[PDB]
Amino acid sequence: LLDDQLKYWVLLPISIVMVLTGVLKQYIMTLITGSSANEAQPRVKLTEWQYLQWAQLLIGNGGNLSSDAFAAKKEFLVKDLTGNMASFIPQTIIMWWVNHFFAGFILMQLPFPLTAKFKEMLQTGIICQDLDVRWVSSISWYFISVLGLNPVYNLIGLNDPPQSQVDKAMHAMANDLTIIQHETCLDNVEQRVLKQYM
Amino acid sequence: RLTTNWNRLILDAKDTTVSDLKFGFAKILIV
Amino acid sequence: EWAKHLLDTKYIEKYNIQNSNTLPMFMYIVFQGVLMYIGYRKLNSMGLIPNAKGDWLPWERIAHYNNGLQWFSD
Amino acid sequence: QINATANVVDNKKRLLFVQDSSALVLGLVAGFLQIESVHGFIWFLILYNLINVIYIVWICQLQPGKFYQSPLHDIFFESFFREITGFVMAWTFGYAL
Amino acid sequence: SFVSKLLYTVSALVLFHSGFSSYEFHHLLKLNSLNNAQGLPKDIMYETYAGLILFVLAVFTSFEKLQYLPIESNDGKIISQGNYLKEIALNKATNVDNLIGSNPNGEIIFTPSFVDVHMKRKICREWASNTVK
Amino acid sequence: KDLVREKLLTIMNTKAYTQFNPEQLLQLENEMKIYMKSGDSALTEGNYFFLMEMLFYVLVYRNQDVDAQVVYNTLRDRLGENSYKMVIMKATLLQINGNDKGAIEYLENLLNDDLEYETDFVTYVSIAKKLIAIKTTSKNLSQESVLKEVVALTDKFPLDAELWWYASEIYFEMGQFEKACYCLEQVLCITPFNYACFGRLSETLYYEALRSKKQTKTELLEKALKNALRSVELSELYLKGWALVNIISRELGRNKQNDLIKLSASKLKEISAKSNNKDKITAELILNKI
């Protein structure tokens, strides 16, 4: 075959619109998500929330290096305590767009041999029945675009309950963290350091 | 190659006549 | 330790009493593999299988019938 | 217990830029060599892995560990379906010339 | 001017010119074939391999051996690690910060809020004394 | 020269200016302004305004201060004055411009307007910090400053490690040296890998041990060893962890620690190598003195 100089008006617009549409998508998604605060509510509830977070981090952070100081905390603890839209919106709409404006062409030649049923779906524009395995219509180039475009976005540069009973649940975890795990540090540090830095 | 192509290197206008001959439309029919 | 080393090299006895708050195993791979089974079985085997005879039509040999004759004619 | 840091977030990400930069110039060279498919795939693999090892040679100073966790895992097979399809984009667009 | 961004531009452009060269030869490979009833890649290939190797080279020099200065001093005293990247082990990563007199904990150590309000008053008085100094 | 911004990136995050000599601080502001005005390339807007206020606060730290008004007026363009920083800049301006206490009461009702949580928790955390910083000038110094911290600290925000760290200083200077150990443990609770709370938590134990009984002397020294060794796992050339290990080993000097003295000496001589600046003077002083 001999396709004639439509490489300007389709292939470039297809890559170009994918580039702009995704860059816009990241800008739009970033715009849509705004917290701008936690809330504007009274003082107390965030205050005891961060107390709860202090307990939570004590589970991870402070529950390792406190062989002497483990028990001293626990008295205190008990007393003190007690996008899919981003997928759907752009790309489905532009499937309609491309089939609307770009149809009924053989746009290019993929380099690789597909199987016949790939050649079933891709050429809905053309109405030949034994054309070839390799040639493809316009919409196939889109089908290759969406899954291959992550390097482009990198290279241009872009990047990514009950109020009281749950307190009792973490008080039960305060009870659990007493002797569920007493971690072996401030005992093996001499062994570990002599094992290393030689 | 550098010299000849740099001389080349130093908008659409949709002209019909070259299109005809490239696709073989321009032909002589001997009857 | 411009000042901490200096404070350590000499002797210091500065302290007093203050209130101070008055503070007091191959299962994982066996498990995961069938999830590779399910897509190939259910959808890629919809119409997209190699090794069945319809995939070699591009590679099918060109039957040679005459190979020494022309049959020019009207 | 080997310590891990948020430092790695940069250098890990940094590596991606090298490979993604090495994955859209590929495809174009394949298309300009005007190639069939399986020749193209083997060409892709040999250039891709030579780029990977020379990256381990030069940017990394022959010390893949001490820069990444699971380093032998990550240089070869991580981000491998993240860029093979980009290579297909590059290869289709190049071979149309 | 260092060679990396130069090499990016010349490598993209030499690939672009190899592109126009291959445009002319390979468009006139099948278009001229139409004149022959559907009837030098080699130096094209050699200049292509030049372009690929040079672009590969181009990417490397955008990565430099990391080189640093001391925070407290005002002389140069340029601190070289002889290293390209930044490592993952927290102990020696903490090293490369401690070559500087800095602490990524930062504010917790220094407590800017209490210190500053006295610091500005006394420091203006203090340097006013040091103005002879 | 883009290498300059690296220090600036440090100086915003580290507040390195805070403990700088006015001689080198004056150098710093001069060295800054040339790159601030000249090297305007390739740096983010957020970094721009963080550098711009850090110019303001250097200038207030400087002995000439009229330029502070310049920088503040140029930086007043964005987000008005409601963010935490412009509350800081206006308070320190109103407090320095005439040496009038006024900003506190204009800030006082602000916290009574924070009763609705009109701003984020970190904001009035910092307001609590800087209003106390004002008040310790109102009440020029006392131990009850910490008692004031308690009504601000144990009631509202344990999470700020800076508060417990600062409280440690006032306990450590003349107060009981044991509650600093608890508070520094709490600092460890907040952040896993503070390796200077590690050195300090051992030093406060050592100073406590200097005034304790013999069995408590050995007990606290042994705990101090294991805390200074806990320093070492977070860093190789950390001058203060290795040094404090070597110090209590100088005090004790017993056979296995004599080997650790040899290892610490190799590491401390590596530290006292000239890769490090000025700190080497303190490191070498203790190395070669005894």
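Cut-offs and rules
Residues numbered from 1 in each chain as written, not as in the entry; some residues may be left out. Chains lettered and ligands numbered in written order. Part of a larger assembly, values for the part shown. Heavy atoms only, no water. Residues with missing side-chain atoms left out of burial classes, pairs and counts. UniProt positions renumbered as here; feature names shortened; annotations may be inferred. Contact = heavy atoms within 4.5 Å. Buried area = accessible area lost by both parts, 1.4 Å probe. Salt bridge = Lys/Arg side-chain N within 4 Å of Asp/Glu carboxyl O. Polar contact = N/O pair within 3.5 Å; in protein donor to acceptor, adjacent residues only side chain to side chain. Helix = DSSP H or I, 4+ residues; strand = E, 2+ residues; numbered from the N terminus. Nonpolar A, V, L, I, M, F, W, Y, C, P; charged D, E, K, R; others polar. Patch = residues over 30% accessible without salt bridge, like charges linked within 9 Å, V, L, I, M, F, W, Y side chains within 5 Å. Areas by Shrake-Rupley, 256 points an atom, 1.4 Å probe, with all protein chains shown as cover. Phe/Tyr/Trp six-rings, centres within 6.5 Å; stacked < 30°, edge-to-face > 60°. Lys NZ or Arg CZ within 6 Å of the ring centre and 35° of its normal. Disulfide = S-S within 2.5 Å. Buried < 20%, exposed > 50% of the residue type's maximum accessible area, 1.4 Å probe, protein only.

As recorded in the entry header, the structure was determined using cryo-EM to a resolution of 4.3 Å.

By the naming in the PDB entry, chain F is ER membrane protein complex subunit 2, taken from Saccharomyces cerevisiae BY4743. Recorded in the entry header as its title is "Cryo-EM structure of Saccharomyces cerevisiae ER membrane protein complex bound to a Fab in DDM detergent". The Subunit comment attached to chain F in UniProt states, word for word, "Component of the ER membrane protein complex (EMC), which is composed of EMC1, EMC2, EMC3, EMC4, EMC5 and EMC6." According to its UniProt record, chain F has this under Sequence similarities: "Belongs to the EMC2 family."

The name given to chain E in the PDB entry is ER membrane protein complex subunit 5, with the source organism recorded as Saccharomyces cerevisiae BY4743. What UniProt records for chain E under Subunit is the sentence "Component of the ER membrane protein complex (EMC), which is composed of EMC1, EMC2, EMC3, EMC4, EMC5 and EMC6." Turning to chain E, the UniProt annotation filed under Subcellular location states: "Endoplasmic reticulum membrane".

A. Region of the structure containing the arrangement of the chains. With ten pairs of chains in contact overall, the contact-richest pair is chains E and F. There is no contact between chain B and chain C; across them, the least C-alpha separation is 19 Å. One finds no contact linking chain C with chain E; the least C-alpha distance across the pair is 11 Å.

B. Molecular detail of the interface of chain F and chain E. Contacts between chain F and chain E engage 47 residues on the former and 41 residues on the latter. When chain F packs against chain E, the two sides together hide about 4100 Å² of surface, and 62% of this comes from carbon and sulfur. Contact with chain E buries area across many residues of chain F, yet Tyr61, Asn63 and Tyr195 of chain F alone supply 13% of it, more than any other trio. Across the chain F-chain E interface, the total number found is two salt bridges. For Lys133 of chain E, the salt bridge is made with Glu23 of chain F, and the minimal N-O distance between the two is 3.3 Å. Across the chain F-chain E interface, the total number found is twelve residue pairs in polar contact. Elements with a contribution of two residues or more to the side of chain F that touches chain E: α1 (3-14), α2 (22-38), α3 (45-61), α5 (84-97), α7 (121-138) and α9 (161-174) of chain F. Looking at the side of chain F that touches chain E residue by residue, the class counts come to 19 nonpolar, 17 polar and eleven charged.

C. Highlighting a nonpolar patch on the surface. A surface patch of nonpolar side chains, amounting to about 1100 Å² of accessible area, comprises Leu33, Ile46, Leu50, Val53, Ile54, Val57, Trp58 and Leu62 of chain D together with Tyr49, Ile53, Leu54 and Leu57 of chain E. Among the elements of the structure, α3 (37-58) of chain D together with α2 (41-60) of chain E are those that each provide at least two residues to the nonpolar patch. Of the residues forming the nonpolar patch, the biggest block, six residues, is contributed by α3 of chain D.

D. Quick peek at the interface of chain E and chain B. On the chain B side, the residues contacting the six residues of chain E number four residues. Approximately 480 Å² of surface area, both sides summed, lies buried where chain E meets chain B, with 60% of it carried by carbon and sulfur atoms. Inspection of the chain E/chain B interface yields zero salt bridges. Here chain E is connected to chain B by zero residue pairs in polar contact. Residue classes in the side of chain E that touches chain B are distributed as three nonpolar, two polar and one charged.

E. Highlighting the side chain of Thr136 of chain F. As for its position among the elements, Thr136 of chain F is in helix α7. Aside from chain neighbours lying at most four places away, what touches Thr136 of chain F is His118 of chain E together with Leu141 of chain F.

F. Quick look at the packing of aromatic side chains. Going through the model one piece at a time under the given rule, you end up with 30 aromatic pairs over all chains. On the numbers, 6.0 Å between centres and 55 degrees between planes, the contact of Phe172 of chain F with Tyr207 of chain F is tilted. Pair noted here: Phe172 of chain F is in helix α9 and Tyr207 of chain F is in helix α11 (residues 196-209), with a separation of 35 residues, a long-range link. One aromatic cluster is present, built from ring pairs that chain together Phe41, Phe44, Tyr48, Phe80, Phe87 and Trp91 of chain D. Residue placement shows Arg200 of chain F over the ring face of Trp165 of chain F; its charged tip is 4.5 Å from the ring centre. One residue, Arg211 of chain F, lies across the ring of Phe177 of chain F, its end atom 5.3 Å from the ring centre.

G. Region of the structure containing the state of the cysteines. All names here are of chain F. By the definition in use, this model includes zero disulfides over all chains. Free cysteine: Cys181, not disulfide-bonded; nearest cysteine sulfur from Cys183 at 9.3 Å. The thiol sulfur of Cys189 is not disulfide-bonded, and the nearest other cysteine sulfur, from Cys197, lies at 9.4 Å. Given a relative accessible area of 1%, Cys189 falls into the buried group.

H. Structural context of the UniProt feature "transmembrane region" in chain E. In the numbering used here, UniProt assigns the "transmembrane region" feature to residues 6-26 and 44-64 of chain E. As annotated, residues 44-64 of chain E has a helix share of 81% and a strand share of 0%, and its two end C-alpha atoms lie 32 Å apart.

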